[PDB]
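Colleague: Take this structure, written in structure tokens, and hold onto it; I'll ask about it next.
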Amino acid sequence: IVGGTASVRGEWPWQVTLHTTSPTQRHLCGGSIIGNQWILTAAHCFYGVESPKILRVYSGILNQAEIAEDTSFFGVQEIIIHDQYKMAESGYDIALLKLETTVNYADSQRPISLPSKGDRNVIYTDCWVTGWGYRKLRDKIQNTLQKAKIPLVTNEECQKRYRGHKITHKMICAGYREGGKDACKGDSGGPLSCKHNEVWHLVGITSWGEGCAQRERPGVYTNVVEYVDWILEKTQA
Ligand SMILES: *[B@@]1(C2=[C][C]=C([N]C([N])=[N])[C]=[C]2)O[C][C]([C][O])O1
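Take any residue in the sequence shown, count from 1 to its spot, add 387: that is its number in full-length UniProt numbering.
This is how it looks when you write it as structure tokens:
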């Protein structure tokens, strides 16, 4: 996260840090708890990932330092990638992780509500992006979870900032016309939480952008509401 600040412990209880144990354990991507056994994240996050066995999901984490060899985690039973996904920039950058065990909800770890179709006309004026990603373009995974408030921008405006790209309605952008605040490497799969009527909603999934926090280059996120049907179908037994 560029231009953000340290999060308060338990401030984003749905945020998880997805680690890979290969070659050595390290933060790979962000993710959001949306169900007792389900993490919603970005598809492109599993590039070069041949098996879910090397994945470890940690919930209730503020600082990466909290994660040690003796720290409990959730194993991943299955990685579900949208069959239409090819690459982040083309869209469909969404994936579900079915955990091997169920998450016991608490103030430190609970699910975030998915947006409803009857909310696409809703004007989110309080949206935040979070994660342990880079603070700049050339940096490293941050220890403390960072947060940054960022305004959503119309798709028409976003398309203007991304000539050469096709910003579809299945994407949603957010950022400052002057930049300064935005997601970066490591924040992928992270949630773009928005607050309406004081009820947190998972509006987007951190996906891509040109550089990080550059002026006139809004972050591009997966427009979650466009995938509620997909999510329901993939989560049902
Ligand atoms: B992601 C990721 C997601 C979004 C952005 N945003 C910008 N401004 N470039 C950068 C990086 O984080 C992990 C990586 C793939 O493993 O992509």
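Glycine included, C-beta positions come from ideal geometry on N, C-alpha and C.
On the DSSP bridge list, what partners appear for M558?
Modeller: Along the sequence shown, one-based indexing puts residue 558 at 171. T609, per the DSSP bridge assignment.
Colleague: Pick helix, strand or coil for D506, following the three-state DSSP scheme.
Modeller: Position 119 of the sequence shown, counted from the start, is the residue given in the question as residue 506. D506 falls in the helix class under three-state DSSP.
Colleague: Where do the ends of the beta strand (DSSP E) carrying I420 lie?
Modeller: Within the sequence shown, the letter at position 33 stands for residue 420. Segment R413 to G422, the beta strand (DSSP E) holding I420.
Colleague: Determine which residues share a DSSP beta bridge with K485 and list them.
Modeller: Against the sequence shown, residue 485 aligns to sequence position 98. DSSP output for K485 lists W425 and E465 as bridge partner(s).
Colleague: Could you tell me which of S459, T609, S580 and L524 sits nearest to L405, measuring between CA atoms?
Modeller: Sequence index remark: in the sequence shown, residue 405 carries index 18 (1-based). Of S459, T609, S580 and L524, the residue nearest in Cα terms is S459.
Colleague: Check whether the Cβ of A570 sits closer than 7 Å to any heavy atom of ligand 1, and report yes or no.
Modeller: Along the sequence shown, one-based indexing puts residue 570 at 183. Yes, ligand 1 has a heavy atom inside 7 Å of this Cβ.
Colleague: Locate the beta strand (DSSP E) running through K582, then write down its first and last residues.
Modeller: Walking along the sequence shown from the start, residue 582 turns up at place 195. Here the beta strand (DSSP E) through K582 covers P578 to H583.
Colleague: I'd like to confirm the pairing. Which residues does DSSP put opposite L442 in its beta bridges?
Modeller: Numbered from 1 along the sequence shown, position 55 holds the residue referred to as residue 442. Beta-bridge pairing links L442 to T407.
Colleague: Check this for me: beta carbons of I537 and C514, under 8 Å apart or not?
Modeller: Taking the first residue of the sequence shown as position 1, residue 537 is located at position 150. Taking the first residue of the sequence shown as position 1, residue 514 is located at position 127. Yes, the pair counts as a contact, with Cβ atoms nearer than the cut-off.
Colleague: When you compare each of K534, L483, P439 and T408 to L427 by their alpha carbons, which one comes out closest?
Modeller: Residue mapping note: residue 427 aligns to position 40 of the sequence shown, counting from 1. Answer by Cα proximity: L483.
Colleague: DSSP on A570, reduced to helix/strand/coil?
Modeller: Counted from its first residue, the sequence shown places residue 570 at position 183. In the structure shown, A570 sits in coil (DSSP, three-state: anything other than H, G, I, E or B).
Colleague: Counting only the same chain and skipping the five closest in sequence on each side, list residues whose C-beta sits under 6 Å from that of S419.
Modeller: As a working mapping, residue 419 is identified with position 32 in the sequence shown. Hits under 6 Å: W401, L427, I499, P578 and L589.
Colleague: So what does DSSP say about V586, is it helix, strand or coil?
Modeller: Your numbering for residue 586 matches position 199 in the sequence shown. It is a strand residue.
Colleague: Taking the alpha carbon of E437 as the point to measure from, which residue in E465, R413 and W587 has its own alpha carbon closest?
Modeller: As a first step, residue 437 is located in the sequence shown; it is residue number 50 there, counting from the start. The shortest C-alpha separation from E437 is found at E465.
Colleague: Give the secondary structure of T512 by DSSP, where H, G and I count as helix, E and B as strand, and everything else as coil.
Modeller: In the sequence shown, counting from the first residue as 1, residue 512 sits at position 125. It is coil, neither helix nor strand.
Colleague: Should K568 go down as buried or exposed, given a rule of 16 or more other Cβ atoms within 10 Å for buried?
Modeller: The residue given as residue 568 occupies position 181 in the sequence shown. Per the 10 Å Cβ criterion, buried.
Colleague: In terms of residues, what are the limits of the beta strand (DSSP E) holding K473?
Modeller: Start at 1 with the first residue of the sequence shown, and residue 473 comes out as number 86. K473 -> no beta strand (DSSP E), and no H or E assigned at all.
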